[PDB]
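Notes for the one structure printed next.
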Amino acid sequence: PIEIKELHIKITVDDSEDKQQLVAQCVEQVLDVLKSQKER
Amino acid sequence: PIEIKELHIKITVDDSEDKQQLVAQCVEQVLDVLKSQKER
Amino acid sequence: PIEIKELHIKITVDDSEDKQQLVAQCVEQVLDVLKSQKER
Amino acid sequence: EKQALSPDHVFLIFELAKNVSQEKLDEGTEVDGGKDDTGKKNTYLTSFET
Amino acid sequence: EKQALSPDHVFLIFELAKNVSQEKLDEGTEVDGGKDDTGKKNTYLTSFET
Amino acid sequence: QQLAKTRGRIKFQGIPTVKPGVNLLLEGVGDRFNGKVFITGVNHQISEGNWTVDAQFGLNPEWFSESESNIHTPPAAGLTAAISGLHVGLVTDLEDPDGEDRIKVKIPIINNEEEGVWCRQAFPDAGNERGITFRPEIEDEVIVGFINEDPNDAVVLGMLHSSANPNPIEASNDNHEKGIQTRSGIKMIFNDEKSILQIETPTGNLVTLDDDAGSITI
Amino acid sequence: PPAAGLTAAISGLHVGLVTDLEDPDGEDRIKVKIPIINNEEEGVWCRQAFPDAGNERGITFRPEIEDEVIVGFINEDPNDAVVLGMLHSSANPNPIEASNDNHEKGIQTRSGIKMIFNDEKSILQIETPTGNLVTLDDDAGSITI
Amino acid sequence: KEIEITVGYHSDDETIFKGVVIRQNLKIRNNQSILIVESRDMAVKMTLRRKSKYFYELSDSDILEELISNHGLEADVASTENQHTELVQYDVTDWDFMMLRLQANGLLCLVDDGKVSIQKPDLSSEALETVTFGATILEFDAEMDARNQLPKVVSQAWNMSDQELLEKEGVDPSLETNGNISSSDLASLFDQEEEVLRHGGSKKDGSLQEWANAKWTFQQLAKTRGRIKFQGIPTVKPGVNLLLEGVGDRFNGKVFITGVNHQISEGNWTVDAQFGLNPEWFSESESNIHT
Amino acid sequence: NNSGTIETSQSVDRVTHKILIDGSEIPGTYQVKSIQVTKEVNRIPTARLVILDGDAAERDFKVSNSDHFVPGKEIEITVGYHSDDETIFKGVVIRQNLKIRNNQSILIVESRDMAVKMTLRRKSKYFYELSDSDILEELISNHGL
């Protein structure tokens, strides 16, 4: 994103940060789809 | 979420429920980003 | 989706397309939650 | 070869509105002339400043 | 070297509105003057208080 | 607002009795949240061997009229761009080609060069062959409203004065003088201070009723 | 966006009170309070609409101080207010009693000067407060001064 | 309660944030239990109640100071030339009213540690540091879009004294920005017609001129936009300049910072710096301003 | 067609394409990772190209610095099997975006059709004795379409 408005706070789980990178990609592609729908 | 308005129906695949928990985390973080943008 | 308005362009990484199918499922379930909230 | 087109000439009688005394109409003012068979409109341009 | 520019001078006549009797016009008040082959706008300033 | 003080979700093994409008007792989550909670929503999920229920408590402080969309129909029925508020226009033509007693008016914030559109005029009194009729002169300034905010359902509501078109009766907080004055100079004036009614034409023909004289003059 | 996006907009029509008839900048404006905004301060300058107006002509009546009026707004901007008319209420009664027959119409001023039209009897009567009158009466077939 | 947050390396700490605690949230999952605490600055006091008021012979900057001091806040506000004779606030909060009035004059609002500062953009100051693609950048995003540039802007209103329209043309500030393509090359690409700002009432010349100028300035500052992520320091704040290098001639140069995000976790402190402005106005993009 | 398949002119073993800018092919050193084209009723058509670029060891982006993907240039996209290409999209370049991640560096180029000219400026006009289709033709021809 080109905006700091769309970043989320990072919380990891001590289960023993691969899953942190996958969730961050899904938030990026959703908000690009929502922005393209308001184009003429 | 603190609202039952944002839950999705659970459908699994007999491919042989790990992937169910990852998709549910991505819906949770997107809707928190959308709510924070309407703050002043 | 029943609309071509909500598809995203596919970019893969040569890190050596499993991760492409997981991100595409997360965009599908978010946009169904957003549509159901405008129901009466 | 074949011969080309020649444009036609008209005279117009104008009338002013109630609250004005003198006015100037410039050259090249477009005048509206109807539509042809094709449906596009005819245009006439005034010749001198009046 | 080359010589620099000198500004020009004008006189303007004023008229007061119907419901006032006497007023003061400030020194240095900006007056609208026109445009240049660039399209920018000219300005004239008042010399004395009147 | 008080019912929105504490809000949340509780997930547990399903039973058929929790429905919106019931109370549950919540324990073991700290003094800040423990106690009796009012249920405002329920979600039943049955799959892969089990039945669970998500119970929602507390209300959302927002009102229906604030949060829901599409309650009302789009401006000017959705058929054209709408025009809001009141606007100022100029009169260009008083003779209506289709007999509806309309007048043609330009609106300068749209276009101040062309002819304008046909508008209906409001009068203080009107009916079948009766009423009080005055019409604006060509180039008079008027105030215009719009039916259903449609730019082509314009109505003239009244005429305006300005320094370019002065009011014939000088303003005063005493408000002693009122009346009618036409284009040609015919007057009818009411003077409250002196209780005088005077009717007069431009070349001296007049009738006066004067209580400060105790007389009638023709 | 409403009021060109430059200010909060005000929708619909509103009711105000007249506080000052003398316009310091000569535009023939009147100062009006709007009680739903503030009912204690002086108010703002508004333009007045008339049934007939033009260059040195028209029908002119102005509201008295503390009269109640109906106000519209150009482009929904709170500082482009226009007075559209005056209102009656039980606190400010209408001098002509209402009836579905609608026989009586006319003008009555502050000092008591009247001009009344009676349709039922076809009578026009002009009269001042201390007895000076002119009457045209078709139910008598006469003219009295 | 009042909260203050300090951070640094090897106990060399510095203050990052001051404010007040507003919310407390709990979350429980199968193998997780946490507490989340939220806070905001004191400026939040200006967003809670709708008001109604008449203002008299004040400039916009006298009004802005009044709105702020009413809540006990410190202020530093740039002056303006125009003076209103009356102005009306109606059924809106102080924060929203302040934002509408401030944009109309080309000003930006900076809130920091209890102080509200209202100033024009400053593109002239020295860069704080240099951030380089091949040496210090962790992440980078940037965009250029030709549709945001204008060839000229003019404003209109009704002149009741003369019975005609009042027109004012803006002035091109020629802002100095990064990259190597002029705003004037982009502006002419699709449509050379002027932008027109219309109001249907009666306006003063001073107001119309500032409106046209604010519109034009804000679009030039939207010419190039983006995000730069790097190792954290305590000095990058909205309203500063950084030097950007190694990302191509189209984007290299001095950039104006419009936003900052500090993230501290799992052994490190990083900062996301935002540059460029969003061309949209408050009155266009924000919801629920009116009843 | 009951054949059970989709009719193409060649085998679907090899997909080919061409990108033309201002009349000619972009040099065969540029690697195009992905192409997307969309069209829909009542919307303006668009396309996207993803090009690999950027080198940390040089400190630059060579494709971005070129004059091929500059806003304002005309672009044409053709595609087919075994060089049997056909035109899919025509339009103009509008945007250029760069993206850098820990092990990734790309250039994204966006374009639209010419109809985009009709979405840039607010206007005001009176129309006279015209049908709706005369008005629609006028609005379009004003932009050279």
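Please note: Cβ atoms are built from the backbone with ideal geometry, for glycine as well, and neighbour counts cover all protein chains shown. Read the figures in this text as sums done on the coordinates, not as results from a lab.
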Which pairs do you get when a residue that is within 14 Å of another protein chain (Cβ to nearest Cβ), found in the range E:5-20, comes within reach of a residue that is part of a loop (DSSP other than H, G, I, E, B) and of a type in the set (S, T, Y), reach meaning Cβ atoms under 7 angstrom, with the pair 6+ apart or on two chains? E:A17/F:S163
Go through the range F:103-163 and tell me which strands (runs of 3 or more DSSP E), entirely inside it, have 1 or more residues that are basic (K, R). F:117-121
Going by the conditions given, is D:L12 out of contact with any strand residue (DSSP E or B) (no Cβ under 9 Å at 6 or more places or on another chain), hydrophobic (A, V, I, L, M, F, W, C) and assigned to a loop (DSSP other than H, G, I, E, B)? no
Among (1) under 17 Å from the mean Cα position of the chain (by Cα); (2) more than 10 Å from every other protein chain (Cβ to nearest Cβ); (3) not in a strand (DSSP E or B), where does H:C109 come up short? (3)
Can you tell me which residues in the range F:46-81 are within 13 Å of chain B (Cβ to nearest Cβ), farther than 22 Å from F:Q1 by Cα and of a type in the set (A, V, I, L, M)? F:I46, F:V53
Pairs with Cβ under 6 Å, 6+ apart, first in the range G:8-20 and within 8 Å of chain H (Cβ to nearest Cβ), second buried (at least 16 other Cβ atoms within 10 Å of the Cβ) and outside any loop (DSSP other than H, G, I, E, B): G:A8/H:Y90; G:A8/H:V92; G:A9/G:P2; G:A9/G:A3; G:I10/G:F73; G:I10/H:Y90
Being under 18 Å from A:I2 (Cα atoms) and either surrounded by fewer than 19 Cβ atoms within 10 Å (Cβ to Cβ) or in contact with a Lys or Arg (Cβ under 9 Å, 6 or more places away or on another chain) (or both) is the requirement here; does H:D205 meet it? no
Would you point out the residue of the range H:255-271, among those that are more than 9 Å from chain A (Cβ to nearest Cβ) and hydrophobic (A, V, I, L, M, F, W, C), that is nearest to H:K229 (Cα to Cα)? H:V271
Inter-residue pairs, beta-carbon under 6 Å, first more than 20 Å from H:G201 (Cβ to Cβ) and in the range F:72-90, second loosely packed, with under 15 Cβ neighbours inside 10 Å and among the polar types (S, T, N, Q), 6+ apart: F:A76/F:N148
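What number of residues in the range H:3-26 are over 29 Å from H:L108 (Cα atoms), of a type outside the set (S, T, N, Q) and surrounded by 11 or more Cβ atoms within 10 Å (Cβ to Cβ)? Explain how you work it out, then say what you get.
In the first step, residues of the range H:3-26 are kept if they are over 29 Å from H:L108 (Cα atoms); the result is H:8-13, H:24-26.
So of that shortlist, the ones also of a type outside the set (S, T, N, Q) come out as H:8-10, H:12-13, H:26.
Restricting the remaining residues to those that are surrounded by 11 or more Cβ atoms within 10 Å (Cβ to Cβ) gives H:8, H:13, H:26.
Of the residues in that region, 3 qualify.
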Restrict the check to the range F:113-121 and report whether at least one residue is more than 19 Å from H:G200 (Cβ to Cβ), within 11 Å of another protein chain (Cβ to nearest Cβ), surrounded by fewer than 21 Cβ atoms within 10 Å (Cβ to Cβ) and within 20 Å of the chain's Cα centre (by Cα). yes
Please count how many residues of the range H:279-291 are under 14 Å from the mean Cα position of the chain (by Cα), in a loop (DSSP other than H, G, I, E, B) and crowded, with 16+ Cβ neighbours inside 10 Å. 2
Test: residue in the range A:16-29 that is of a type in the set (A, V, I, L, M), more than 8 Å from every other protein chain (Cβ to nearest Cβ) and in a helix (DSSP H, G or I): yes
If you scan the range H:103-124, which residues turn out to be surrounded by fewer than 14 Cβ atoms within 10 Å (Cβ to Cβ) and under 23 Å from H:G248 (Cα atoms)? H:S124
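Do we find a residue being within 30 Å of F:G85 (Cβ to Cβ) and crowded, with 17+ Cβ neighbours inside 10 Å anywhere in the range H:172-185? Can you show your working first?
Step one: list which residues in the range H:172-185 are within 30 Å of F:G85 (Cβ to Cβ), which gives none.
No, because not a single residue in the range H:172-185 is within 30 Å of F:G85 (Cβ to Cβ) and crowded, with 17+ Cβ neighbours inside 10 Å.
If I ask for residues that are within 27 Å of the chain's Cα centre (by Cα) and either over 26 Å from G:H14 (Cβ atoms) or surrounded by 15 or more Cβ atoms within 10 Å (Cβ to Cβ) (or both), which ones from the range F:60-76 would you list? I'd like the intermediate steps shown before the answer.
Here is the first cut: in the range F:60-76, the residues within 27 Å of the chain's Cα centre (by Cα) are F:62-76.
Listed by number, the residues that qualify are F:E62, F:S67, F:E68, F:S69, F:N70, F:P75, F:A76.
Yes/no per residue for (1) in a helix (DSSP H, G or I); (2) closer than 30 Å to H:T136 by Cα; (3) more than 9 Å from every other protein chain (Cβ to nearest Cβ):
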position: I:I100; (1), (2), (3): no, yes, no
position: I:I106; (1), (2), (3): no, yes, no
position: I:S111; (1), (2), (3): no, no, yes
position: I:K117; (1), (2), (3): yes, no, no
position: I:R121; (1), (2), (3): no, no, no
position: I:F127; (1), (2), (3): no, no, yes
Could you list all residues from the range H:36-74 that are polar (S, T, N, Q), surrounded by 14 or more Cβ atoms within 10 Å (Cβ to Cβ) and not in a strand (DSSP E or B)? H:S59, H:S61
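Kindly indicate whether G:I96 is assigned to a strand (DSSP E or B), away from chain H (no Cβ under 14 Å) and under 21 Å from the mean Cα position of the chain (by Cα).
Here the answer is no, as G:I96 does not meet what is asked.
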Among the residues of the range I:58-91, write down those that are surrounded by fewer than 19 Cβ atoms within 10 Å (Cβ to Cβ), within 14 Å of chain H (Cβ to nearest Cβ) and in a strand (DSSP E or B). I:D60, I:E74
Tell me, which residue of the range G:31-59 that is of a type in the set (V, I, T) and surrounded by fewer than 22 Cβ atoms within 10 Å (Cβ to Cβ) is farthest from H:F282 (Cα to Cα)? G:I59
Only one of (1) more than 10 Å from every other protein chain (Cβ to nearest Cβ); (2) surrounded by fewer than 19 Cβ atoms within 10 Å (Cβ to Cβ); (3) not hydroxyl-bearing (S, T, Y) fails for F:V105. Which number is that? (2)
Go through (1) within 23 Å of G:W45 (Cα to Cα); (2) over 24 Å from the mean Cα position of the chain (by Cα) and name the single condition H:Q32 misses. (1)
The condition of being assigned to a loop (DSSP other than H, G, I, E, B) and among the hydroxyl-bearing types (S, T, Y) holds, among H:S33, H:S79, only for H:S79
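If you take the residues of the range F:167-189 that are of a type in the set (D, E, K, R) and more than 7 Å from chain G (Cβ to nearest Cβ), which of them is farthest from the chain's Cα centre (by Cα)? It would help to see each step written out before you state the result.
The first filter runs over the range F:167-189 and keeps only residues of a type in the set (D, E, K, R), leaving F:170, F:174, F:177-178, F:183, F:187.
Keeping just the survivors that are more than 7 Å from chain G (Cβ to nearest Cβ) gives F:170, F:174, F:177, F:187.
Details: F:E170: 31, F:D174: 32, F:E177: 32, F:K187: 36 Å.
The extreme case among them is F:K187.
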